Structure formats: C-alpha cells, structure tokens
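For reference, the structure discussed in these notes is given below.
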Amino acid sequence: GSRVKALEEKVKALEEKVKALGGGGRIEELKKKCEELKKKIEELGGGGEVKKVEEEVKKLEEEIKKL
Ligand SMILES: *Sc1ccccc1O
C-alpha cells in the first residue's frame, strides 16, 4: 500500500481483533463505528475527503489499544 490501498488493509485487520473479543461497553461503541467506517472508505475517492475518514479510523484504533 501507500495511502488509500493501505487504509483498507488497516481496518480489515482491525475487525479480526474485535470480532474475536467479547463483552459490552467499550466493545459496543467500537463495533458500530468499526463497520460504518469501512463503507465510508468505499464512497471516498483518491484524496481530499480521504483525510476526514482517516481520522475516523485513528479514533477506533487507539481505542482498542486500551479497552
Ligand atoms: S472493525 C470491526 C469489528 C467487528 C466487526 C466488524 C468490524 O468492521
């Protein structure tokens, strides 16, 4: 990857972690935002708005880091 091509591979692996987890609370909020985030990347193009969705992936990533 380089920019966008690498983005899709980042969240895709991000799911294998949650899907393997369990319990409510922090896992709940991270779930709804997890999938909705992906579909947002499909609508995106090459640049511009790609910066916004990028921040959406940065929030859920750092989140699971603690839980
Ligand atoms: S990131 C993630 C976790 C669990 C289910 C779906 C997802 O996209």
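Only the coordinates and a few stated rules stand behind these numbers; no lab work does. Here the Cβ is made from the backbone with ideal geometry for all residues, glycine too, and neighbour counts use every protein chain on show.
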Next item on the list: Could you tell me whether the range 55-64 includes any residue that is in a loop (DSSP other than H, G, I, E, B) and of a type in the set (A, V, I, L, M, F, W, C)?
Entry: no
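Test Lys19 against the criterion of being charged (D, E, K, R), under 9 Å from the mean Cα position of the chain (by Cα) and surrounded by 10 or more Cβ atoms within 10 Å (Cβ to Cβ), and give yes or no.
Answer is no for this residue.
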Checklist line | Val50 farther than 25 Å from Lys66 by Cβ, surrounded by 12 or more Cβ atoms within 10 Å (Cβ to Cβ) and in contact (Cβ under 8 Å) with a residue 12 or more places away in the chain | finding: yes
Note to self: Checking the conditions here, which among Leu7, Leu37 is within 12 Å of the ligand (Cβ to nearest atom), surrounded by 12 or more Cβ atoms within 10 Å (Cβ to Cβ), in a helix (DSSP H, G or I) and not charged (D, E, K, R)?
What the structure shows: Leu37
Next item on the list: Consider only pairs whose beta carbons are under 9 Å apart and that are at least six residues apart or on different chains; among these, list those whose first residue lies in the range 11-40 and is touching a residue at least 40 places away in the same chain (Cβ under 8 Å) and whose second residue is charged (D, E, K, R) and within 6 Å of the ligand (Cβ to nearest atom).
Entry: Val11/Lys38; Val18/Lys31
Notebook entry, point to check: Quick one: how many residues across the range 42-67 are away from the ligand (no atom under 11 Å from the Cβ) and closer than 21 Å to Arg3 by Cα?
Noted result: 18
